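The chain that follows stands alone, in the form deposited in one PDB entry, written as structure tokens.
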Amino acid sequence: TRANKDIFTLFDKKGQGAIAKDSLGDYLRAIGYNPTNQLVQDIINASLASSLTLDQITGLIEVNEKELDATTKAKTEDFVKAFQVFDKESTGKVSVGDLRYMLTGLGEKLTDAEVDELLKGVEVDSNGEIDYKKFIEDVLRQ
């Protein structure tokens, strides 16, 4: 369902007409889905060489339309309570340090590099704080 929008070529810079099977998760992310690594594995593990053609990937997406589409339905309200845990004065803000803590120390533990990449364009105020509702909105924008 989610269109390629010429993204496949960025994953295949070596003119193979195919991309690494291990790149499938990131490809799915690039076109608009938000799969867990587990979902990616279930999709592949279900004729699938070390690579996949665009047509093979499109076939996989059509078969898994509902499950992939289900990864794009998150709402801001799903995450506010989690941030409120780190909101000392109930100001709607969290320190950049606490955000890193949340993301690298809890849940699936993102890497410090992933958090660096995430925060590259995130506004941090003069108190080292981030408006988390605005942050969530940015992360969830399609």
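Throughout, we count residues from 1 along the sequence that is shown.
The same protein also exists as the form deposited in another entry; that form is not shown, yet it is the one meant from here on.
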query: One rigid part holds both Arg2 and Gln38 between the shown form and the other one; finding: yes
query: Comparison of CA distance in the other entry with shown form for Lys81, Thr71, at least 3 Å; finding: closer
query: Distance direction in the other entry for the C-alpha atoms of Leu68 and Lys81, relative to the displayed form (3 angstroms or more); finding: closer
